[PDB]
Amino acid sequence: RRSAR
Amino acid sequence: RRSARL
Amino acid sequence: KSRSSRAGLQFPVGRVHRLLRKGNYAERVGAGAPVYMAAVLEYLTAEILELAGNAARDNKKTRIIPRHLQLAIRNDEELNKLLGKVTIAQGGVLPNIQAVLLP
Amino acid sequence: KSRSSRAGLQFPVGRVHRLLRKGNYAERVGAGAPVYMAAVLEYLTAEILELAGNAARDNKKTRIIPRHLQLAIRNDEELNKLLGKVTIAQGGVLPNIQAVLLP
Amino acid sequence: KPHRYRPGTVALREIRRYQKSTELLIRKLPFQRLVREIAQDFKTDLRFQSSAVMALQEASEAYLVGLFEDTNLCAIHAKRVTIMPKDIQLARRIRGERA
Amino acid sequence: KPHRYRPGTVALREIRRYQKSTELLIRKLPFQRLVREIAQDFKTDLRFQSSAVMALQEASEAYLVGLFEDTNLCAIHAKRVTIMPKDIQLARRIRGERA
Amino acid sequence: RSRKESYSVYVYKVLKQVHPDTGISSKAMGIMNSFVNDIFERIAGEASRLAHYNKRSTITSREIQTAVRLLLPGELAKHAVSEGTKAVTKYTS
Amino acid sequence: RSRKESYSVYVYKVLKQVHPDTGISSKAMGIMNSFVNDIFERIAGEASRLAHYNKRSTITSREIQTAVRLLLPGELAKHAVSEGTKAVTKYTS
Amino acid sequence: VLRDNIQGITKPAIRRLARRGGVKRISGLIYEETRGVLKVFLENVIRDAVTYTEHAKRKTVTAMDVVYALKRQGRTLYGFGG
Amino acid sequence: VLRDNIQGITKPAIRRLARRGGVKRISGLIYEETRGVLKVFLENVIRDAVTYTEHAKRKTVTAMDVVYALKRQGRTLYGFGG
DNA sequence: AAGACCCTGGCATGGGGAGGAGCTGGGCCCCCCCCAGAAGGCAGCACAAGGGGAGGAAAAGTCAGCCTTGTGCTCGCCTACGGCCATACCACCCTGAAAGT
DNA sequence: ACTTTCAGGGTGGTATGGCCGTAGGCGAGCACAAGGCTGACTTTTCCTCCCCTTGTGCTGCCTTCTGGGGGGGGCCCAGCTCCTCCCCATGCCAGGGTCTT
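Protein sequences, first through last, are from chains K, L, C, G, E, A, D, H, F and B.
For the first sequence, PDB author numbering assigns the number 26 to the last residue and increments by one with no breaks.
For the second sequence, PDB author numbering assigns the number 27 to the last residue and increments by one with no breaks.
For the third sequence, PDB author numbering assigns the number 117 to the last residue and increments by one with no breaks.
For the fourth sequence, PDB author numbering assigns the number 117 to the last residue and increments by one with no breaks.
For the fifth sequence, PDB author numbering assigns the number 135 to the last residue and increments by one with no breaks.
For the sixth sequence, PDB author numbering assigns the number 135 to the last residue and increments by one with no breaks.
For the seventh sequence, PDB author numbering assigns the number 123 to the last residue and increments by one with no breaks.
For the eighth sequence, PDB author numbering assigns the number 123 to the last residue and increments by one with no breaks.
For the ninth sequence, PDB author numbering assigns the number 102 to the last residue and increments by one with no breaks.
For the tenth sequence, PDB author numbering assigns the number 102 to the last residue and increments by one with no breaks.
1) Check whether chain F comes within 7 Å of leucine 115 of chain C, counting only Cβ atoms and requiring the distance to be less than that.
2) Mind checking which residues open and close the beta strand (DSSP E) that includes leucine 97 of chain B?
3) Name the DSSP beta bridge partners of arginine 77 of chain C, please?
4) Strictly below 8 Å CB to CB, what residues from chain C border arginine 23 of chain K?
5) Enumerate in chain order the residues of its own chain whose CB-to-CB distance from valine 66 of chain H is below 6 Å, with the five nearest sequence positions on each side excluded.
6) In the DSSP output, which residue or residues are listed as bridge partners for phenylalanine 84 of chain A?
7) Who does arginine 35 of chain F pair with in a DSSP beta bridge?
8) Distance, Cα to Cα, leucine 126 of chain A vs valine 87 of chain B?
9) May I ask you to list, following chain order, the residues of the stretch 76-98 of chain F that have a beta carbon less than 9 Å from some beta carbon of chain C?
10) Helix, strand or coil for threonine 96 of chain H per DSSP?
11) Please report the distance separating the alpha-carbon of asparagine 63 of chain H from that of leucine 55 of chain G.
12) Quick check on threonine 118 of chain A: does DSSP put it in helix, strand or coil?
13) So what's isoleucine 62 of chain A in DSSP terms, helix, strand or just coil?
14) Return the Cβ separation of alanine 38 of chain B and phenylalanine 104 of chain A in integer angstroms, given the expectation that the two are a contact with Cβ distance under 8 Å.
15) Which one of E:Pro121, E:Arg40, E:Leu48 and E:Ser87 has the shortest CA to CA distance from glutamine 112 of chain C?
16) Starting from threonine 101 of chain G, trace the alpha helix (DSSP H) in both directions and tell me its first and last residue.
17) Among the residues of its own chain, which have a CB less than 8 Å from the CB of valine 70 of chain B, if the five just before and after it don't count?
18) For a test of the three-state rule: what should DSSP assign to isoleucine 46 of chain B, helix, strand or coil?
19) Can you find a CB in chain L that lies within less than 7 Å of the CB of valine 39 of chain H?
20) Out of D:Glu35, D:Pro50, D:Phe70 and D:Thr96, which one is the CA nearest neighbour of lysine 77 of chain B?
21) Considering just the uninterrupted stretch of the alpha helix (DSSP H) at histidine 39 of chain E, what are its terminal residues?
22) Which residues does DSSP list as the beta-bridge partners of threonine 88 of chain D?
23) Alpha carbon to alpha carbon, how far is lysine 95 of chain C from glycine 48 of chain B? Give it in angstroms, no decimals.
24) Quick one: what does DSSP say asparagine 110 of chain C is sitting in, helix, strand or coil?
25) Spatial neighbours of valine 117 of chain E within its chain, please: C-beta separation below 6 Å, excluding the five flanking residues on both sides.
26) Taking the alpha carbon of residue 128 of chain G as the reference point, which residue from B:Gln27, B:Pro32 and B:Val43 has its own alpha carbon closest?
27) Count the other CB atoms within 10 Å of the CB of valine 30 of chain C; is the residue buried (16 or more) or exposed (fewer)?
28) Run down chain C in chain order and give the residues with a C-beta less than 8 Å from the C-beta of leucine 106 of chain D.
29) Residues of chain D with CB under 7 Å from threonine 73 of chain B, in chain order?
30) Can you tell which of E:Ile51, E:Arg40, E:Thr58 and E:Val89 has the C-alpha that lies nearest to the C-alpha of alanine 83 of chain F?
31) Nearest to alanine 86 of chain G by CA position, among G:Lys36, G:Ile62 and G:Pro26, is which residue?
32) Hey, would you say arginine 95 of chain B sits closer than 7 Å to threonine 101 of chain G, going by beta carbons?
33) Spell out whether any CB of chain A is found under 7 Å from the CB atom of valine 43 of chain B.
34) Consider the Cβ of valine 54 of chain G: report whether some Cβ of chain H lies at a distance smaller than 7 Å.
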């Protein structure tokens, strides 16, 4: 669900 | 007039 | 709605503000300072937790242990620089052997 | 008299008290806290100045330059340990050469 | 005679085994006795939390492992595989523990 | 033919001369140009105090002198007097700069 | 004895966001708590010095943002600043 | 009208105490200023942390004494502690 | 606990520490060097931990005293609080 | 244009820095290595010094920004203000 | 699951910082000239590096012994908590003098 | 050398910290076992250290041209200071939701 890089 | 440890 | 809900965070915006005021870092603490700090702390924690969870899946495990946290930190050069002087208790070392020592 | 002279020092006990209060170290500062700190700061200064002044006399000089401070600091193992990560501008280095160096 | 491994293969096996694990490599009771023997020179009749001794042991072991990695680098530098006391001394000197 | 010094004694002469002195060993204008060029990559149209560039030069030269001391130690370890890039790399790696 | 409070509740919430089916042990959770405390003291301590340099009696989001830039290396600072700026914008709105 | 803060007068007095016939340069004197400002910040920061750990709201000569013990190595701390207690005893008496 | 407790850091214990560090061959004079290095490190940390404890007018060296002593050494340790 | 000024750290200048460090013999590949080391060090301090400068909304890098950037980097410089 | 208490809301308030105007200071840019030093080159030689070989000191295996560690119990000293109360520190008014330009 | 901004003193208040008393909980100590880990002995083999030889790369000396460094002058953009005042953060009372046992 959560990821940035 | 002010000396310290050796 | 709690202050964390307004900022969209899952971290204690209110408690961080109490920590900022209690720590006498300054005479006064702005309104947006706890929101900025809580967002940074949550982002950093989520960054490690995603990396540590990936290590556990690589080690075919369903639970994070301090060894998994150590693998995530040392593998990522950005977190490795941030935590260069940090010791993780029961974390072990990165498995690495010098090539010249191998047969 | 003055607070400095009552304690028998030469450093400003009154000036130290303001810096401790203004610097945001604690909500209150005791009566003896600035007096104790001024005594320590004066002692550390007198130790370096005595060692640096001896360096000028041995180097047949009469006025202390930044080179003399560096020679005194690095020659004393206690002062060197205290100021290990400290750079003295225009201090040069201690003249030392390895044993395997000399033919 | 029984089968005997050539030297070095068992060393590599031990390297892999102890780099794959996270256990404490020093016996807890001797280390605790050493910690209490050192501390008694500062204050007599001290008491130690269990977590205090455990933290001391973890810190010491991490420090020693890092120092041994630096010593291994110094050994490889001199075209060697055997780590010698001078390698430890050089690693400590560059690290600042001896300047 | 005129007298020619044996290779090496001029090195000790220069070592003594440059360890006795405390002057900056890099020309000021090239270093100032370098500092202005590096800082251009961060923010454009910057300005530098004279003491700012002086402080940068003092810090850089002290750092380089210390690094060369460590590199010389690494060279002596490997039974050599000529310092090589691998010596610099080992000194930096033990210092923790390479990470 | 008094009760002790830490970030355990919030770390569990963040972990559930990234990995729904992964748990965290007791010893790992203690390390995560020590990590949050360490970074908080680093950022606040840098922002305290940063505000004192400018003769400022207030710590604002500008002080935190610059403290983040000074401490976080590389792309860690870039993404943290954007997350921090986005959160403050949503908070005021 | 902004003031300039320095310990130049007091370093001069201390220097005349130890070395009556020796002066100090302008650059060397600015080094002594940074040294006093550096050590003041170290002891004050250590005393601040000691008071915070024990949940104390005040900084006392006992916090300063322990900060001196933690920072100054070897015989430096023994003589610095002795000098400080001698001054405090004189100050109260 | 009176003396000669450094020998409790036995030769096999040091060998296991070196193996974790990737060391293949270990000299016979290393073990004495490793014991002295460990003792110096422990003395530095314990002197700071006991100093913290004596300040709080206590007799039990807490785990936080060790954590605070290490942070002073520049050797931050996670997992024991903070 | 303001490019390739790192060659202004000439071979004789690096030899002087090496001579103050006690070096006698210097390999030919050292000069490229020393230039790469210096650029990394300068990039680190200048990045933090500028960060302090833009925080105060200033345009001139003061001597005190450099001191602050160095001190936070780990190296403390005496003689430029405190 | 319960509830202790800390976080949020609302309002009154003193103060901090942000815009505006103004002055001025040194950072930058230019120009000229000098001579100290860097760059290129050549001769010489000394040092890094490969190859070879002896020996001795680590490693690996075997086996006997011991002291670590897990479990269980006792004692009692220390530490966090709570209440009472001294008292030392902060803020304000007032007066007076000291070192920095 | 003058001053004016900071150094020093006295008083009210009160919030912080010391002293006593307490209860429990953790730390030190003692049995017991059993066995997993340690210490010593032998063999050897493989790594280290020494020697030799050489070719390449470094040093040292010379020559010459370039550019760093010093002087002298001019601009103007940027940095510091003062007034104002407006808005944000703090403190206190009241309520109610949360997160720790």
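Beta carbons are placed, not taken as given, at the ideal position from N, Cα and C, and that holds for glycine.
Well, looking at it:
1) Locating residue 115 of chain C in the third sequence gives position 101, counting from the first residue. True, the Cβ-Cβ gap to chain F drops below 7 Å.
2) For the purposes of this step, residue 97 of chain B is taken as the residue at position 77 of the tenth sequence. First-last of the beta strand (DSSP E) with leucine 97 of chain B: 96-98.
3) Counting from 1 along the third sequence, the entry for residue 77 of chain C is found at position 63. BP columns for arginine 77 of chain C point to D:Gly53.
4) Within the first sequence, the letter at position 2 stands for residue 23 of chain K. Going along chain C in sequence order, the residues near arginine 23 of chain K (Cβ under 8 Å) are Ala60 and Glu64.
5) By 1-based counting over the eighth sequence, the position of residue 66 of chain H is 36. Here the set comprises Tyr37.
6) Translated into the one-based positions of the sixth sequence, residue 84 of chain A becomes position 48. In the DSSP output, where bridge partners are listed per residue, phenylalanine 84 of chain A has B:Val81.
7) As a position in the ninth sequence, residue 35 of chain F is number 15, starting the count at 1. Beta-bridge pairing links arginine 35 of chain F to no other residue.
8) Looking up residue 126 of chain A in the sixth sequence gives position 90. Looking up residue 87 of chain B in the tenth sequence gives position 67. Cα to Cα, the separation comes out at about 28 Å.
9) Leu90, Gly94, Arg95, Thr96, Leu97 and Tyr98
10) Sequence index remark: in the eighth sequence, residue 96 of chain H carries index 66 (1-based). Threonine 96 of chain H: helix per DSSP, three-state reduction.
11) In the eighth sequence, residue 63 of chain H corresponds to position 33, counting from 1. In the fourth sequence, residue 55 of chain G corresponds to position 41, counting from 1. When rounded, the distance between both Cα atoms is 11 Å.
12) By 1-based counting over the sixth sequence, the position of residue 118 of chain A is 82. Strand, per DSSP.
13) Position 26 of the sixth sequence, counted from the start, is the residue given in the question as residue 62 of chain A. Coil.
14) The sequence position of residue 38 of chain B within the tenth sequence is 18, counting from 1. The sequence position of residue 104 of chain A within the sixth sequence is 68, counting from 1. So it is a contact: roughly 5 Å between Cβ atoms.
15) Taking the third sequence and counting its residues from 1, the one referred to as residue 112 of chain C is at position 98. If we check each option's Cα against that of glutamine 112 of chain C, E:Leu48 comes out closest.
16) The count along the fourth sequence starts at 1 and reaches residue 101 of chain G at position 87. From DSSP, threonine 101 of chain G is part of no alpha helix (DSSP H) but of the beta strand (DSSP E) over 100-102.
17) Stepping through the tenth sequence from its first residue, residue 70 of chain B is reached at position 50. Hits under 8 Å: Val81 and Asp85.
18) Reading the tenth sequence from its first residue, position 26 is the one you call residue 46 of chain B. Residue state, collapsed to three classes: strand.
19) Residue mapping note: residue 39 of chain H aligns to position 9 of the eighth sequence, counting from 1. No, no contact with chain L.
20) As a working mapping, residue 77 of chain B is identified with position 57 in the tenth sequence. Out of D:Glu35, D:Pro50, D:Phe70 and D:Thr96, D:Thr96 has the C-alpha closest to the C-alpha of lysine 77 of chain B.
21) Your numbering for residue 39 of chain E matches position 3 in the fifth sequence. Neither: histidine 39 of chain E is in no alpha helix (DSSP H) and is coded neither H nor E.
22) Position 58 of the seventh sequence, counted from the start, is the residue given in the question as residue 88 of chain D. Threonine 88 of chain D is bridged to C:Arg42.
23) As a first step, residue 48 of chain B is located in the tenth sequence; it is residue number 28 there, counting from the start. As a first step, residue 95 of chain C is located in the third sequence; it is residue number 81 there, counting from the start. For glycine 48 of chain B and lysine 95 of chain C, the distance between alpha carbons rounds to 32 Å.
24) Within the third sequence, numbered from 1, the residue matching residue 110 of chain C stands at position 96. Coil.
25) For the purposes of this step, residue 117 of chain E is identified with residue 81 of the fifth sequence, where counting begins at 1. The answer is none, since no qualifying residue turns up.
26) As displayed, chain G neither begins before 15 nor continues past 117, which places residue 128 of chain G out of reach and without an answer.
27) Indexing the third sequence from 1 puts residue 30 of chain C at position 16. The residue is buried, with at least 16 neighbouring Cβ atoms inside 10 Å.
28) Looking up residue 106 of chain D in the seventh sequence gives position 76. Simply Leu58, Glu61, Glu92, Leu93 and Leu96.
29) Against the tenth sequence, residue 73 of chain B aligns to sequence position 53. Chain D residues near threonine 73 of chain B: none, gap ~11 Å exceeds 7 Å.
30) The sequence position of residue 83 of chain F within the ninth sequence is 63, counting from 1. Out of E:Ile51, E:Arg40, E:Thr58 and E:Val89, E:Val89 has the C-alpha closest to the C-alpha of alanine 83 of chain F.
31) The residue labelled residue 86 of chain G in the question sits at position 72 within the fourth sequence. When only C-alpha atoms are compared, the closest one is G:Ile62.
32) Position 75 of the tenth sequence, counted from the first residue, corresponds to residue 95 of chain B. Position 87 of the fourth sequence, counted from the first residue, corresponds to residue 101 of chain G. Yes, they are a contact pair.
33) On the tenth sequence, residue 43 of chain B is found 23 positions in, with the first residue counted as 1. Chain A, which has a Cβ nearer than 7 Å to the Cβ of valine 43 of chain B, makes this yes.
34) Stepping through the fourth sequence from its first residue, residue 54 of chain G is reached at position 40. Yes, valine 54 of chain G lies at the interface with chain H (some Cβ there is under 7 Å from its Cβ).
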